[PDB]
Every structure is written in C-alpha cells, then in structure tokens.
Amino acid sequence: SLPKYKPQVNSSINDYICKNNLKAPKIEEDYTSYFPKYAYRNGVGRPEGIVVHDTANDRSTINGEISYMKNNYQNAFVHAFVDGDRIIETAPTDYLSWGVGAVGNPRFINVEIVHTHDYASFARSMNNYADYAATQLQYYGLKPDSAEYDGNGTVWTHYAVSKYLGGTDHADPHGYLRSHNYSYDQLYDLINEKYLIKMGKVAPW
C-alpha cells in the first residue's frame, strides 16, 4: 500500500485533524452574474497558484462576508471562503479575482479564511482551506511549492505577495493563525499532504 505522509512541520492541530479523519464539505457555488470575468496573465484557466487570506474580522459570519463582498466587488472579491462548516466558491477559478492587488491578481486564486471561535471549528476551517487548495492544485496540474521564504511557488500568503510582489500591503494570515496556536507552515504541510493523497502518492486517512 501507500506510505503514510510524514509531516514536515509539527502540528498538534494537524494531528487532531488527521486522527479524527475530518472530512471537508463539498465545494458549493454562489456565483454572481455581475462580477467581471477576466483572464489571468497567461490566460483564462491559467492560475499560477493560490493565496491564503483571512477576513481580519472577528465578528462576521461567512454569509455576512459574502453579502458585503457582492456589494463591494469593485473594491475586492475573492474566489472562495471557508469556515468550519462550509466551502463556498464565490467566483470561478478560471478567471481572476480582485483579492490581492494588481501584481498578484493576474496570477493567483484567492481564498479567505473566515474567523472561527472554538478549537474544533478552527481545525475544520484549516482542513477545509487545505482541501480546497489541494483540489485546485490537482485540477490545474500545479504542485505545492511554498513561496513564503523565497518568493517563488504556488502557495502564497497575502503577506508574501506584499513582501515579494508588491501591489498590496496586507499581512494576513500570520497573526490570525498565531492567535489560534497554528501557523502558515502547518497549513502548508496540510495542503501538501492532502495534495499527495489526492494524487495517490500517500495513504488517505
């Protein structure tokens, strides 16, 4: 059989996710007819990676975030939102979204983490981000490569886009993940494992 993934980053939260065999919900669509449908720089259907954002909002729900975004889409919109219960895709991943400024937008799928308020719901939200991201990497034939420390790859934080590409100055998701005793590198390891499970290279949970 296939080898179990050896975690490359210690994570008691990822251990919890795996041990309890958490299952991500289905990706559901909530598209909006008036959002623009613009190409990535290499074409429609040509994303180069995916960005981790968080809503920076301790009070909102995923429904409130989506309501706000549909009203303010000319200022910002993203591809999807995840929380502890749902994965909602709000724009097709084949077209760009307005989520990470003028340099990153023509390159990357943008996904927002909605804030959660207990341990189990936070863990699920991480599992859900990672499932969605691994799914996109697989579908588009991208392999996980973290850009955090070298400015190159297919998985980016908003912070990394601000640091290496410019066009924006946000610092998500580091502070938010830290507040829940997690980190971007633990998330990345979870994306990597899930990608490898989907690609049939390591054992499913």
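Numbering starts at 1 and follows the sequence shown.
Novice: On mean Cα temperature factor in this entry, is 7-15 or 181-189 the higher one?
Specialist: On average, C-alpha B-factors are higher across 7-15.
Novice: Check the entry's C-alpha temperature factors for 41-49 and 163-171, then say which stretch has the higher mean.
Specialist: Per the deposited B-factors, the answer is 163-171.
Novice: Have a look at 63, 136, 33, 157 and flag the one whose Cα has the highest B-factor in the entry.
Specialist: Answer, based on the entry's C-alpha B-factors: 63.
Novice: Highest Cα B-factor in the deposition, which of 93, 71, 125, 90?
Specialist: Among 93, 71, 125, 90, the highest C-alpha B-factor in the entry belongs to 71.
Novice: Mind checking which third residue 115 falls in for C-alpha B-factor across the chain?
Specialist: As the PDB entry reports it, the C-alpha B-factor of residue 115 lands in the middle third of its chain.
Novice: Check where residue 29 lands among this chain's C-alpha B-factors and tell me if it's the lowest, middle or highest third.
Specialist: As the PDB entry reports it, the C-alpha B-factor of residue 29 lands in the lowest third of its chain.
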